[PDB]
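# A closer look at the structure
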Amino acid sequence: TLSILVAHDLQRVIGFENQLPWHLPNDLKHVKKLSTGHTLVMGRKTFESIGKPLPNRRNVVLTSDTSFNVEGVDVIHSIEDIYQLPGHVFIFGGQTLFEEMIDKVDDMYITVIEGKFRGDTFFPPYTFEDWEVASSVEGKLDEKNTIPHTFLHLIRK
Ligand SMILES: NC(=O)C1=CN2[C@@H](CC1)O[C@H]1[C@H](O)[C@H](COP(=O)(O)OP(=O)(O)OC[C@H]3O[C@H](n4cnc5c(N)ncnc54)[C@H](OP(=O)(O)O)[C@@H]3O)O[C@@H]12
Ligand SMILES: CCc1nc(N)nc(N)c1C#C[C@H](C)c1cc(-c2ccncc2)ccc1OC
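Along each chain, residues carry numbers from 1 upward in sequence order, and these need not match the entry's numbering; residues missing coordinates do not appear. Working convention: letters from A go to chains and numbers from 1 go to ligands, in the order in which they are written. Just so you know, side-chain values use all the structure's heavy atoms and leave hydrogens and water out.

The name given to the chain in the PDB entry is Dihydrofolate reductase, with the source organism recorded as Staphylococcus aureus. As recorded in the PDB, the entry bears the title "Staphylococcus aureus Dihydrofolate Reductase complexed with NADPH and 6-ETHYL-5-[(3R)-3-[2-METHOXY-5-(PYRIDIN-4-YL)PHENYL]BUT-1-YN-1-YL]PYRIMIDINE-2,4-DIAMINE (UCP1063)". UniProt positions are given in the numbering used here, feature names are shortened, and annotations may be inferred rather than shown by experiment. Checking UniProt for the chain, the heading Pathway contains the comment "Cofactor biosynthesis; tetrahydrofolate biosynthesis; 5,6,7,8-tetrahydrofolate from 7,8-dihydrofolate: step 1/1." As recorded by UniProt, the Sequence similarities comment attached to the chain reads in full: "Belongs to the dihydrofolate reductase family."

## Looking at the site of ligand 2
If a single non-hydrogen atom of a residue is within 4 Å of a molecule or strand, that residue counts as near it. Taken together, 15 residues surround ligand 2, and among them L5, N18, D27, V31 and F92 come closest. Distance and chemistry together define a polar contact, namely a pair of N or O atoms within 3.5 Å, with one atom able to donate a hydrogen and the other to accept it when in protein, and with adjacent residues in sequence counting only for side-chain atoms on both sides. At a separation of 3.4 Å, a nitrogen atom of ligand 2 approaches a polar backbone atom of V6. Separating a nitrogen atom of ligand 2 from a side-chain N or O atom of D27 is a distance of 2.6 Å. Surface accessibility in these figures is a Shrake-Rupley result with a 1.4 Å probe; residues are shielded only by whichever protein chains are displayed. Protein contact buries 80% of the 590 Å² of open area that ligand 2 shows by itself. Computed over the protein atoms alone on a 1 Å grid, cavities are sets of points where a 1.4 Å probe fits but cannot get out and pockets are open sets with protein on both sides within 12 Å along at least five of seven lines; a residue lines them when it has an atom within 4 Å of a point. Molecules are considered to sit inside a cavity or pocket once more than half of their atoms lie within 2 Å of its grid points. Most atoms of ligand 2, that is more than half of them, are within 2 Å of grid points of the largest pocket. Strands here mean DSSP runs of E at least two residues long; helices mean DSSP runs of H or I at least four residues long; both are numbered from the N terminus. At the level of secondary structure, the elements contributing two or more residues to the shell around ligand 2 comprise β1 (2-9), α1 (25-35) and α2 (44-50).

Set out below in structure tokens:
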């Protein structure tokens, strides 16, 4: 199983200056619950924007730099190595890799942030003619989750 895992705003912004534009602890829990015990694959820029591999799951970084080496990260050097990865594999970022993978993945777990942020990194355009909506769950607003958001699980038609 090969999935995308992304949070993007109303205009598909996912990042701004190496940072997430919004603070949404519920979506952090969503990511932990979905990806704990499985594989995250990310581009080099996405990985270095995080700075450390995420605990309790496999961390795979795609780069052409053959000296790249981090404690806790397995390196791949081509898209084609993604297909050799076992288990449930989530493509985690960034814009480039999503552009490389959005036409290949089985499904997408999207968190839609119901906001318009300033961004410099974008998720690819997609249309619901190609994706059926398996589930659509509103996030609960509260104390620390101040922005409306919605958990979509989209499956390719
Ligand atoms: N929520 C997110 O996902 C966010 C991600 N962001 C944000 C934080 C938000 O910080 C962004 C960086 O500006 C960056 C914007 O540039 P982007 O190219 O989209 O980032 P990628 O993670 O997709 O990294 C691309 C790198 O992996 C790359 N890569 C992509 N495809 C291949 C490939 N097919 N073969 C070998 N390497 C590849 C190659 O790595 P390298 O330069 O060290 O060789 C490439 O430069 O995205 C990071
Ligand atoms: C939590 C944000 C998020 N949600 C969903 N549903 N999918 C994603 N792919 C990302 C993401 C992201 C970027 C790579 C990112 C994650 C994290 C992060 C994610 C999970 N635990 C700790 C940090 C920190 C910084 C980051 O960019 C600056």
